[PDB]
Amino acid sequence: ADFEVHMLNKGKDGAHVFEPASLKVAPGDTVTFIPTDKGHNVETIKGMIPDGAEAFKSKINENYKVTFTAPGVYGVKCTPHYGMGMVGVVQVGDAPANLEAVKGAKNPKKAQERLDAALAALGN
């Protein structure tokens, strides 16, 4: 199954957002990060990806389709807007095994707030 995340300068959750900011998928599903507004990208957050996964980083303004295979939670950021909290979580499967490992990852405050909110939205 294929899902979409819009990369936006603003949205319901404020400035510099992924919409949705949380998504539950199954192994092998894809998510396309869409440059609805210019100036964004998507990148894995260090320490917030599960065993079996590989880091990625899209180009600014790239329409970017990612396949998520290994189970667990994946924290993602927009490289330029990470400091302002432009982040999201994609969770592959239920009962993510890496939940405590990713909760320990260091993030600037606005990113941490939104990551914790996304984790809670996903049932964690």
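A residue's number is simply how far along the shown sequence it sits, counting from 1.
Mean CA B-factor, 97-105 versus 5-13: the higher value falls on 97-105. Set against one another, the Cα B-factors of 76, 34, 31, 55 in the record reach their highest point at 55. Across the options 66, 89, 42, 92, the residue with the most elevated CA B-factor in the record is 66. For residue 120, the recorded CA temperature factor ranks within the highest third of the chain's modelled residues.
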